[PDB]
Amino acid sequence: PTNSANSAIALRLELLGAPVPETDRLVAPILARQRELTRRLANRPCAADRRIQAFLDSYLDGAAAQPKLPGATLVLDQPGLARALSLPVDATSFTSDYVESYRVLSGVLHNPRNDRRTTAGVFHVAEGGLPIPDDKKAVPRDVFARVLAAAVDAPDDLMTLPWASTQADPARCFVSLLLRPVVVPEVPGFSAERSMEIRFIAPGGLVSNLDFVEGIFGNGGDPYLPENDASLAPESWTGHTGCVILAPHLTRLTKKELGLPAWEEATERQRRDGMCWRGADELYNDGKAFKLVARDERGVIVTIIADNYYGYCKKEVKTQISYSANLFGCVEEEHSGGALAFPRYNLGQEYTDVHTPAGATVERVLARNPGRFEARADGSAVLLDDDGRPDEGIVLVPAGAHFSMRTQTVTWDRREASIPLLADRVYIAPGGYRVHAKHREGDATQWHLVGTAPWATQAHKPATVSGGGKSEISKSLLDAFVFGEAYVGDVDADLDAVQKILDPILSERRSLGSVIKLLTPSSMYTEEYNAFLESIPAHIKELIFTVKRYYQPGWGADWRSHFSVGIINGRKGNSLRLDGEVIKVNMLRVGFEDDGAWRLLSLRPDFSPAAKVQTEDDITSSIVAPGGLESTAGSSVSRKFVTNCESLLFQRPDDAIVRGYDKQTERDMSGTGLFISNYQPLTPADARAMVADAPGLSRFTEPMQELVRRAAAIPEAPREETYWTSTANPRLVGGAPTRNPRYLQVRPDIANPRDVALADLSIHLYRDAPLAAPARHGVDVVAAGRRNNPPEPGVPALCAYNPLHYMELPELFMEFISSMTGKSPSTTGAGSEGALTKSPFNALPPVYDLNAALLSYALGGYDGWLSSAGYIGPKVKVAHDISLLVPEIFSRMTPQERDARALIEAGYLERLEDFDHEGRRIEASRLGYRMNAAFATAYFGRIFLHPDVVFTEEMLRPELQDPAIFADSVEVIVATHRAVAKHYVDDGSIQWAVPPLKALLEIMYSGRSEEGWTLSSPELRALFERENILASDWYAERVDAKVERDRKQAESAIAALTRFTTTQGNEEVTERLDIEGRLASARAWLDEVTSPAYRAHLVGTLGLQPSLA
Amino acid sequence: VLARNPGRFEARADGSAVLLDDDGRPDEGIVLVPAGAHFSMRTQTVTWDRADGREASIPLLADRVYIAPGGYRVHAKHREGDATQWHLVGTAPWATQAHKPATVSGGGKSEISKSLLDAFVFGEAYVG
Ligand SMILES: [Co+2]
């Protein structure tokens, strides 16, 4: 429906009175009637813009101007219009000084004037509002007023809708969009999802930007309807309203003309910020992109962006969401990744279920879910379609069922039943454990069974600097597999030695896993028996498990003759062969040696990557709920729940420049319907050229080749040329390929909804809860990541960390406050992405974020883990090889096992302590605890086959690589803590930090708290304990501020509902929407928020910053 | 207790825990409770305070045995003289083992293990 879209467009422009040039066009002449009954109403702004203008006029009362939001906007009331507006009605390309745009085979492509985001000096904040953070630029209120006035007077080129840009009289208007981005997640017994409202306003030239945000955050509809006025559905809003105005022309204005002072009359701060001029011609922000924010406690945040690169739009929603979170209480916005992981197993050819707990049975499942299943005569059952017919894709089977790839059947007795075992099905037992068949990861011709356990673990990866691998938590481990060989030293000796050990091991009703348990030292084996296991060399065990995996009944004790090594050029070979074919085993790389050689480590032959379902990526909303509720039934401590605010993810495929390497990107970008940016627009001629380069073509994955061939198959041309994009061809900037190629990827839980459905189903069954009930999951483990680097000329050492550190809360928060990186070092230490990595996306005093975060860890009893990315010590490169293992390790440990206290009591974590180096105290105690060789032996044995060679001694103890550098890294850490803490001292923020953080900041800055404490003072450490917080006045003061905010908003809701129900001529809308049924709920709510039961249900939540009540 | 016995218990949200069956399912007959727990036959509940101030509360029932973390047990029973009056019984865990050897007939060798409850007499509280 294309003319469908152009009609919708023509129609709306006509209603706005904008210029215009087929069956539907004729049935709209009663537009021309209502047009002469519209000029009896004056232009009244929507409910959202009314709230925005009220703030702006109050805020700039008696300033140099009180500008007006544009009133004549083309309103994008439906999804899909904005894309259709982005290209000329009659052409496939468009060009302005602001954007080059193209219709491409894979969707739409937009290359903006600037191809990347900046953060240095970009974030500006206006005086007259809440306090400015020390790290931002301070802008006088009069200057803000003038920049806002310039922003609503945009030039004609910029205002020209691309869609009508080729017509005689091109339409020129502001376009605008209502968003309702999520800020408060849903938690079943606890919280309704709530959202703020944002109004995106932009010159018609930049309608691509609206398309951009609408795909990520959804279309909120027509703001002028009371269905979509936020105040009227208070139960689901935060009380807060944001505005974003795109205005790239503002980088032409001078500092003088906006009323900034000359250098001589300027404060030291104004001179630090460049908010003064030595020359009349000095451009504002030196002509570079910026954003200018105004806000205060009233709940309205107004941002102007002087650039149209799509990133800034995304990150301004973020910022505004973060603003709303800070004023709502109880919630946080975070910059974080995450995934819900279910351990998996390679069950071989033959497997009997042994993980259904007694009590769990087909009958009980069926009884708990009336009408969801179709019970079968044999004992199995199948789910029903939403339309009442059975779906054969998912088969519930009895406890103790047996699965056989030899017979291709699932069997059980009760009278033996038997159903087909088929590749396109998933078989699930009554406690939620799944079984399915798949081809081996390296080989489409070999197949085996996979078990998925239902006791998932949800990882959360916050506050992780760039390079730290935030996205890696949810990335797939299967793409990292390397396929190596089974090692043989001397084939006669080794196989003889395998023989001896086999004397029942090759019995077909003894699994591969049990054999591994058999031959792994355990503390419930005779101490003689373990010494025997230690006598078995590493490679002989691997050879046994390999023999086990491939053993056939048919060979019956003459297995030996099926195994060999080749004689390669007269030398006995080192790879075990099965009937002459080299056997292939799965490995992962774990970092690199000093000279850059790969370290490869055999995975266990019963390991399969955990199944992950992404829970977070970049913009995250989170709430902390107390324990003992519906959604926290098994927890004494608070729990954290999350929701991803974005439906599409703005990816930068750095790796896809190399052909064939990034399989996921190449697949996605060969699809359709995508928003694409910073790629080179290619033509069918370019495709024909690339086809004819047969070597180059053959390096693409198949999806991208089909795309190259579709484009090659298109007969030629002018303004209807066909365009396409290639992963190998990012946009040329300065005749070199850009390093910021981009596309909006469909969130992988939305793209693969069967994976979600299966996870949910396993959870319900594991909990014995009905499918009708929601079964929310909260966060189990927090594992942040760090970018570590070796020192270099002009790059400070930051490589003290081993693979995995645990940090108690004070040390954790030094890390979080600092968010340190080797990129952009300061005068005294390292670069900082600011509190929680959110300095570029936080318009408020960062202490509000910090107070909340702290409470979340302490009240939730969450151990702070830190994984290592980049380098471990100066010499060992790791890339993200450890980032990827995190969820696999924690998800295969019980909560009791992975508790930090338990690991310290068993000797699996080792504390770091201060020491002297060249007579200076090195404060290595700030690095917390770290894993040691015993942790590797105890637990990495659940992924890898030789857990003792996984990490070298130098990897576990990076100080052995070079003790000088280790001490240099810790000094860099301490200097960087100081420089960061100084921000809180200079702006007075330190006074608003909660006691444990105030002290922590004081120590970071000067060495001692105000009371004289240091990091090891028991009094300071006691302020971070869960019990002392819950007892404190300051925590009670936050709970009470939250009650008081909620009360005022419930009063502001009652006042808004009434005024509407008693405005002239609103009676028919008032009954249709059951508004007085809402006003009764709003009246019952006010009573509830003031009641004591409500104050008590808030104990164990984050509360609110009292100054913001 | 829980940490010294991995996999033997099922920890509860309220702070209590219960032993697991030979077959992996919880046995409600024995309830581990926190140090400082309060036991009330009037409310028929075991209560204790939480750091958050909520006050936890489980049923106090005659067919159960409640045990604190150092091994001291609490259960309910009818008075020895009267099936209609009930009270709580504490059992301390610091036992003493007696041994009664080389005791001639009439010396009461078996008496060491015989029940003292059968010897109770029920008298009155004296008022002058
Ligand atoms: Co980001």
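As a basis for the values below, the full set of heavy atoms in this structure was taken, side chains included, without hydrogen atoms, waters or symmetry mates. A, B, ... follow the sequence lines: proteins, then strands. Residue 1 opens every chain. Ligands are counted one by one from 1 in listed order, and the atoms in each one are counted from 1 as well.
Residues A/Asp115 and A/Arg739 are not paired through a salt bridge, judged by the lack of any N-O separation under 4.0 Å between the basic side chain and the carboxylate. The pair A/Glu100-A/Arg731 fails the salt-bridge criterion, with no side-chain N (NZ, NE, NH1 or NH2) lying under 4.0 Å from an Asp/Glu carboxylate O.
Judged by a 6.0 Å distance limit and a 45° cone about the ring axis, A/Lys314 is not positioned over the six-membered ring of A/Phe841.
Near-neighbour remark for the Co ion (ligand 1): protein N, O or S atoms under 2.8 Å are A/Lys315 NZ, A/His335 NE2, A/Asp618 OD1; waters not counted.
In this model, a donor atom of one side chain and an acceptor atom of the other lie less than 3.5 Å apart for A/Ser868 and A/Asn788.
Annotation: side chain of A/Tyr284 is not in contact with side chain of A/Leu250 (no heavy-atom distance under 4.5 Å).
Among residues at least two apart or in separate chains, salt bridge (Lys or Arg N to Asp or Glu O under 4.0 Å) pairs with a member in residues 466-479 of chain A are A/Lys470-A/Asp618, A/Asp479-A/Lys663.
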